[PDB]
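These notes are about the structure you will find just below.
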Amino acid sequence: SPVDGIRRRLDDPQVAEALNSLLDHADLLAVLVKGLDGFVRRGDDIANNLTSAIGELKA
Amino acid sequence: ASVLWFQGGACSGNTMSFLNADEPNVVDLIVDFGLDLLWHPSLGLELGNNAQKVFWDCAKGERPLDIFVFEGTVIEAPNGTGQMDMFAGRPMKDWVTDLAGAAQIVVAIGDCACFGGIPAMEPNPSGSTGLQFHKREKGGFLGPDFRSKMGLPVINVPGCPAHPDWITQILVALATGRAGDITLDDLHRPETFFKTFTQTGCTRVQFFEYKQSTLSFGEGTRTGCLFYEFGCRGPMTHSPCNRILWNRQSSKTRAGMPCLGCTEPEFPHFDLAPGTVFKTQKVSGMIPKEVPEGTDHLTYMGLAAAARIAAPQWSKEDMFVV
Ligand code: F3S
Ligand code: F3S
Ligand code: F3S
C-alpha cells in the first residue's frame with residue numbers, strides 16, 4: 001500500500017531525525033504562520049498605512 | 001537648615017509651584033523638616049529694615065545660610081549695574097553675589113535663575129542671566145567655577161516653573177541626610193529628576209512609537225503624539241514631567257499641550273521666533289528639524305517609516321476618550 005510506504009519512510013532513522021527536528025522548531029513555524037495570518041488579517045490596515053504614507057509624500 | 005529664598009527677575013511661578021508641594025506640602029517642609037525659611041519675598045513676615053537685617057546677617061556671615069534659593073534671573077541691566085532689579089537697597093545681583101558666597105548650598109529654581117529663561121530672551125532688556133548658566137553656556141552670573149561652601153555648584157532645578165517636587169524632594173533629601181544621594185547632570189540638574197525625558201511616561205509615547213500625530217488641539221488631542229505637528233520637545237527634554245505629574249494630575253503632554261522643553265537651558269527654544277510656537281519645524285515638510293535625543297535623522301526617519309507601515313489600528317484612533 002502507498003500509505004504503508006509513507007509509514008515505512010517515517011521509520012527511516014534519517015527521515016525520523018529530520019521530522020523530529022521539524023517538530024522541535026514547530027513553535028517557530030507556528031508563530032511564523034500566526035504572524036502571516038496576523039499580517040493578512042491586518043493587510044487592510046497596512047494598506048491604509050501605506051496609503052496615508054504615500055498621501056503624505058503626495059502633499 | 002536655614003533657607004533664604006530670593007527672587008530676582010522672577011515671576012514667582014517657582015514659588016507658586018513650590019507652594020503646590022505635596023508630600024511634603026510646603027508648610028510641613030518649612031516646619032517639620034528642620035528647614036528654617038529665614039525669608040521669602042512671597043512668604044516672609046519681615047519687611048523693610050527687619051528683612052534687610054535678616055539679609056545682611058546672612059550676607060556677612062553673622063548667621064549661617066545653609067541654602068540660598070534664588071528664583072528669577074540675575075538682572076544686570078542697565079549697563080551691568082543691575083538697577084532694573086533693586087532689592088532691599090541694593091541691585092539684586094549684589095545680594096546674589098553676597099548670599100551665594102555665603103550659602104552652604106545655592107539652588108537656582110526655575111529657568112530664569114538656572115539659565116536666564118524667558119527674561120534672557122532677546123533682546124534681553126533686563127540683562128538677565130542665570131546664576132551659573134546663560135542658556136546652555138556655563139558660567140552665568142556667578143561664573144563657571146563658583147562653588148558653594150559645601151563644594152557644590154549651583155543646583156539647577158529648572159523648569160518654568162519648576163515642579164514643586166523638583167525642589168521639595170531635594171530639600172527633603174538635604175534635610176534627611178541624603179545630600180550625598182543627590183547627583184547632578186552637566187547642567188547641574190538633579191539626575192533623580194532629569195535623567196528621564198518629558199516623554200518618559202507621556203501618555204502619547206505609543207502614538208510617538210507608531211508615528212501617529214495629533215493633528216489638532218482640543219478633541220484632536222484625544223489621539224496622537226504632539227511631536228510631529230505641535231513641536232513637542234518631550235523627546236529632547238529631560239524632565240520627570242510625565243513621571244511625577246504636575247499638580248498630581250497631569251502634564252502638558254498628557255493634556256495635549258506640547259512640551260516646550262522648559263527644563264532645557266535653551267528655553268524658550270528658538271526664542272519663540274515666528275513659526276516655532278506649537279509647531280514642528282520640518283525639512284521638506286516631512287522631516288523634523290530636531291529628532292529625539294540621541295537619534296539621527298536617517299535612522300529616526302527610517303524607523304518612523306517602518307513604524308508608520310506597521311502601525312496598529314488603535315494607534316490611529318482616539319484613546320483619551322470621554
Ligand atoms: S516660572 Fe517664572 S520665575 Fe522664571 S523660571 Fe519661569 S519665568
Ligand atoms: S510621546 Fe509625549 S512627550 Fe511629546 S513627543 Fe509625543 S506628546
Ligand atoms: S515644557 Fe517643561 S514643565 Fe515639563 S512638559 Fe515640558 S519640561
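Ordering of the C-alpha cells sets the chain letters (A, B, ...), residue numbers begin anew at 1 in every chain, and ligands are numbered from 1 in the order given.
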Practice task
Assign secondary structure with DSSP using the backbone only, and return the residues of region 148-202 of chain B in helix (DSSP H, G or I) as an NGL selection string.
Solution key: :B and (164-175 or 179-181 or 191-194)
Please save C-alpha atoms of the selected residues as a PDB file, in the first residue's frame.
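out.pdb, written as the output of this step:
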ATOM      1  CA  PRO B 164       7.309  71.518  43.441  1.00  0.00           C
ATOM      2  CA  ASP B 165       8.845  68.056  43.880  1.00  0.00           C
ATOM      3  CA  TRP B 166      11.952  69.043  41.915  1.00  0.00           C
ATOM      4  CA  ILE B 167      12.864  71.344  44.809  1.00  0.00           C
ATOM      5  CA  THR B 168      10.974  69.852  47.744  1.00  0.00           C
ATOM      6  CA  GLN B 169      12.419  66.368  47.323  1.00  0.00           C
ATOM      7  CA  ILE B 170      15.889  67.886  47.054  1.00  0.00           C
ATOM      8  CA  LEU B 171      15.189  69.852  50.233  1.00  0.00           C
ATOM      9  CA  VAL B 172      13.902  66.712  51.948  1.00  0.00           C
ATOM     10  CA  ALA B 173      16.996  64.817  50.807  1.00  0.00           C
ATOM     11  CA  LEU B 174      19.188  67.554  52.263  1.00  0.00           C
ATOM     12  CA  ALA B 175      17.108  67.556  55.450  1.00  0.00           C
ATOM     13  CA  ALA B 179      22.524  65.082  50.261  1.00  0.00           C
ATOM     14  CA  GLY B 180      25.095  62.520  49.144  1.00  0.00           C
ATOM     15  CA  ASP B 181      22.383  60.766  47.145  1.00  0.00           C
ATOM     16  CA  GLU B 191      19.602  63.453  37.908  1.00  0.00           C
ATOM     17  CA  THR B 192      16.910  61.864  40.064  1.00  0.00           C
ATOM     18  CA  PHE B 193      14.516  64.070  38.073  1.00  0.00           C
ATOM     19  CA  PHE B 194      16.384  64.911  34.875  1.00  0.00           C
TER      20      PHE B 194
END
Problem - residue 223 (chain B) surroundings by only C-alpha atoms, 12 Å radius, close-in-sequence under 3 positions cut, as a PyMOL selection string - result: chain B and resi 203-208+210-220+226+253-256+313-322
Residue selection dump (N, CA and C atoms) as a compact mmCIF listing (two decimals), in the first residue's frame:
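selection.txt, written as the output of this step:
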# COMPACT_ATOMS: atom_id res chain seq x y z
N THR B 203 1.61 59.94 28.02
CA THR B 203 0.52 59.04 27.61
C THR B 203 0.50 58.89 26.09
N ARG B 204 1.34 59.63 25.38
CA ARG B 204 1.26 59.58 23.89
C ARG B 204 2.46 58.87 23.27
N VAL B 205 3.30 58.27 24.10
CA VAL B 205 4.53 57.65 23.52
C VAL B 205 4.14 56.51 22.57
N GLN B 206 3.06 55.80 22.84
CA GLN B 206 2.73 54.73 21.88
C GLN B 206 2.41 55.35 20.52
N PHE B 207 1.74 56.48 20.54
CA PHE B 207 1.47 57.17 19.26
C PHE B 207 2.81 57.62 18.66
N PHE B 208 3.70 58.09 19.52
CA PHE B 208 5.03 58.50 19.04
C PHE B 208 5.70 57.30 18.39
N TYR B 210 4.56 54.75 16.97
CA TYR B 210 3.94 54.44 15.70
C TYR B 210 3.78 55.66 14.82
N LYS B 211 4.38 56.78 15.22
CA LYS B 211 4.42 57.97 14.39
C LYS B 211 3.02 58.43 14.01
N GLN B 212 2.11 58.36 14.97
CA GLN B 212 0.75 58.84 14.81
C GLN B 212 0.65 60.22 15.43
N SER B 213 0.37 61.21 14.61
CA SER B 213 0.46 62.59 15.04
C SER B 213 -0.89 63.09 15.50
N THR B 214 -0.90 63.77 16.64
CA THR B 214 -2.02 64.65 16.92
C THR B 214 -2.09 65.68 15.81
N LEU B 215 -3.29 65.87 15.27
CA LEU B 215 -3.46 66.77 14.14
C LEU B 215 -4.00 68.13 14.55
N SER B 216 -4.70 68.22 15.67
CA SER B 216 -5.32 69.47 16.06
C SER B 216 -5.48 69.49 17.57
N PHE B 217 -5.66 70.69 18.09
CA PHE B 217 -5.86 70.86 19.51
C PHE B 217 -7.29 70.48 19.89
N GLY B 218 -7.61 70.63 21.16
CA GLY B 218 -8.92 70.24 21.64
C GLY B 218 -9.12 68.75 21.49
N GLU B 219 -10.26 68.37 20.92
CA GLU B 219 -10.57 66.95 20.76
C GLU B 219 -9.55 66.23 19.89
N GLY B 220 -8.83 66.96 19.03
CA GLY B 220 -7.77 66.34 18.26
C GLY B 220 -6.71 65.70 19.13
N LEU B 226 2.25 64.75 20.09
CA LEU B 226 2.32 66.18 19.67
C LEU B 226 3.64 66.50 19.01
N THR B 253 1.95 67.42 28.20
CA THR B 253 1.79 66.50 27.05
C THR B 253 0.55 65.63 27.21
N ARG B 254 0.36 65.14 28.41
CA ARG B 254 -0.88 64.37 28.64
C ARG B 254 -2.08 65.22 28.25
N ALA B 255 -2.09 66.47 28.69
CA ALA B 255 -3.24 67.32 28.46
C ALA B 255 -3.41 67.70 27.00
N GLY B 256 -2.42 67.44 26.16
CA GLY B 256 -2.47 67.86 24.78
C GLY B 256 -1.63 69.08 24.47
N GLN B 313 -4.16 49.63 14.46
CA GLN B 313 -5.32 50.47 14.21
C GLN B 313 -5.62 51.38 15.39
N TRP B 314 -5.48 50.87 16.62
CA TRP B 314 -5.80 51.69 17.78
C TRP B 314 -4.91 52.93 17.86
N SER B 315 -3.68 52.84 17.35
CA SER B 315 -2.79 53.99 17.38
C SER B 315 -3.27 55.10 16.45
N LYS B 316 -4.23 54.77 15.62
CA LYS B 316 -4.77 55.71 14.63
C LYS B 316 -6.17 56.12 15.04
N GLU B 317 -6.56 55.94 16.29
CA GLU B 317 -7.87 56.31 16.77
C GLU B 317 -7.77 57.03 18.11
N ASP B 318 -8.87 57.69 18.48
CA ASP B 318 -8.94 58.33 19.77
C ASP B 318 -8.69 57.31 20.87
N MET B 319 -7.90 57.71 21.85
CA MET B 319 -7.69 56.86 23.00
C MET B 319 -8.03 57.55 24.31
N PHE B 320 -7.83 58.86 24.39
CA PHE B 320 -8.22 59.62 25.57
C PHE B 320 -9.65 60.10 25.37
N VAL B 321 -10.54 59.12 25.41
CA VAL B 321 -11.94 59.31 25.10
C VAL B 321 -12.66 59.78 26.36
N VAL B 322 -13.82 60.38 26.15
CA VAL B 322 -14.63 60.85 27.25
C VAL B 322 -14.94 59.70 28.20
Practice task
Return as a list in words every polymer residue, whether protein, DNA or RNA, with at least one atom no more than 8 Å from an atom of ligand 3; count only C-alpha atoms and all ligand atoms.
Solution key: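 Based on only C-alpha atoms and all ligand atoms, ligand 3 is surrounded within 8 Å by residues 159, 160, 161, 162, 163, 197, 198, 233, 234, 237, 238, 239, 240, 241, 242, 246, 251, 252, 253, 258, 259, 260, 261, 262, 263 and 264 of chain B.
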Handout entry: Distance in Å - CA of residue 145 (chain B) versus CA of residue 115 (chain B)
Key =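 Taking CA of residue 145 (chain B) as the start and CA of residue 115 (chain B) as the end point, the length is 15.4 Å.
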Problem - Check: which chain B residues lie within 7 Å of chain A using only C-alpha atoms, as an MDAnalysis selection string - result: chainID B and resid 308:310 313
Handout entry: Which of region 116-308 of chain B DSSP labels strand (DSSP E or B), written as a PyMOL selection string
Key = chain B and resi 128-129+133-134+137-138+155-157+184+190+197+213+225+238+246+250+282-283+287-288
Interface rows for chain B against ligand 1: nearest pair, Å to one decimal, 10 Å, only C-alpha atoms and all ligand atoms, as a tab-separated table:
residue	atom	partner	partner_atom_place_in_ligand_line	distance
B:7	CA	ligand 1	3 (S)	7.6
B:8	CA	ligand 1	3 (S)	8.0
B:9	CA	ligand 1	3 (S)	6.7
B:10	CA	ligand 1	3 (S)	3.6
B:11	CA	ligand 1	2 (Fe)	4.0
B:12	CA	ligand 1	3 (S)	4.9
B:13	CA	ligand 1	1 (S)	3.7
B:14	CA	ligand 1	1 (S)	4.9
B:15	CA	ligand 1	3 (S)	7.8
B:16	CA	ligand 1	1 (S)	8.4
B:17	CA	ligand 1	1 (S)	8.0
B:70	CA	ligand 1	3 (S)	9.2
B:71	CA	ligand 1	3 (S)	5.5
B:72	CA	ligand 1	3 (S)	4.2
B:73	CA	ligand 1	4 (Fe)	6.9
B:108	CA	ligand 1	5 (S)	9.3
B:109	CA	ligand 1	5 (S)	6.9
B:110	CA	ligand 1	5 (S)	3.5
B:111	CA	ligand 1	5 (S)	4.0
B:112	CA	ligand 1	4 (Fe)	4.1
B:113	CA	ligand 1	5 (S)	6.6
B:114	CA	ligand 1	5 (S)	7.9
B:115	CA	ligand 1	5 (S)	8.7
B:116	CA	ligand 1	4 (Fe)	7.8
B:117	CA	ligand 1	5 (S)	6.0
B:118	CA	ligand 1	7 (S)	5.8
B:119	CA	ligand 1	7 (S)	7.2
B:120	CA	ligand 1	4 (Fe)	9.8
B:130	CA	ligand 1	4 (Fe)	10.0
B:157	CA	ligand 1	5 (S)	9.3
B:158	CA	ligand 1	5 (S)	6.9
B:159	CA	ligand 1	5 (S)	5.8
B:160	CA	ligand 1	6 (Fe)	3.3
B:161	CA	ligand 1	1 (S)	3.4
B:162	CA	ligand 1	1 (S)	6.8
B:163	CA	ligand 1	1 (S)	9.5
B:262	CA	ligand 1	6 (Fe)	8.3
B:263	CA	ligand 1	5 (S)	9.0
B:267	CA	ligand 1	5 (S)	9.5
B:268	CA	ligand 1	6 (Fe)	9.9
Exercise for the section: Find the distance between CA of residue 107 (chain B) and CA of residue 27 (chain B) and write it in Å to one decimal. Expected result: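 That distance, rounded to one decimal, is 19.3 Å.
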Practice task
For CA of residue 22 (chain B) and CA of residue 74 (chain B), quote the distance in Å rounded to one decimal.
Solution key: 28.6 Å
